[PDB]
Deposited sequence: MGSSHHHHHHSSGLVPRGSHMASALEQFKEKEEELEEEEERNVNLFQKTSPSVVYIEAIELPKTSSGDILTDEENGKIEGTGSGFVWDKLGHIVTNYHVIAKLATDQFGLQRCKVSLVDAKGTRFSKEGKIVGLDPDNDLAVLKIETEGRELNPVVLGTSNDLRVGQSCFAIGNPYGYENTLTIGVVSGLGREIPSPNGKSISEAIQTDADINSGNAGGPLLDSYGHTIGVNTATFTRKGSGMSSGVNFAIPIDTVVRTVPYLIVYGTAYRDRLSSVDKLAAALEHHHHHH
């Protein structure tokens, strides 16, 4: 492109990662983002994003997930809760792929981050297009033994604008790897990808951390 090198990396990073980002609507008969964990149809998001569906339930609460498959085709499916972890603000959902091929994130690591490197936050703000915000890693939080709801252990602080429009979506590094999960239930913060890598396999298999 006739774009600068940095613009080129940004543009490419978005083209290759936004197909992993999903849009989540909490309907009552609350909106958020999430991302594709695997080809089976597991979706990671924030607990706050699906808080009513998981607690109120009451029978009426449903969960619609919109995304894109490997061909580029927008589509939508009912999302079922597989596991919750409100302590780390994590939740896993499962959709039925039904032969659709998904685009899983590429997991990175959060223990070797350095304050000053680029970070990229992607969300799906209104159900239509995905959105990109860019900043740096501003801070690497301290270890919090019992996080309890409103406190992230090892939180990644960033100055990439993070709001409701992209909470639950991935925080990426300059290689396009996912190093965190955007939150907003609480100057912006992500849950480190290392906490998610330790926890998500237990939510899938046991249904709790």
| property | result |
| --- | --- |
| Deposited-sequence ranges lacking C-alpha coordinates, in sequence order | 1 to 32, 62 to 79, 237 to 246, 270 to 291 |
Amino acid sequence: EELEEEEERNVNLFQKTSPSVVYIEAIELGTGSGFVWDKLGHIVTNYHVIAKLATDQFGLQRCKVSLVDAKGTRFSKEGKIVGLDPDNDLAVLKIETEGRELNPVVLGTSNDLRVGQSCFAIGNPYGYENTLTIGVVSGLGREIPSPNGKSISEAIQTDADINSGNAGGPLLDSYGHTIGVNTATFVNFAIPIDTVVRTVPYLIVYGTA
From here on, numbers count along this sequence of modelled residues.
property: Comparing 58 to 66 with 177 to 185, the one whose average Cα B-factor in the PDB entry is higher; result: 58 to 66
property: Mean Cα B-factor comparison, 96 to 104 or 129 to 137, giving the higher one as deposited; result: 96 to 104
property: Deposited CA B-factor, highest of 163, 146, 46, 157; result: 146
property: CA B-factor ranking of residue 118, expressed as a third of its chain; result: lowest
property: Third assignment of residue 171 from its chain's C-alpha B-factors; result: lowest
property: Chain thirds of CA B-factor: placement of residue 40; result: middle
property: Cα B factor band for residue 31 (lowest, middle or highest third within the chain); result: highest
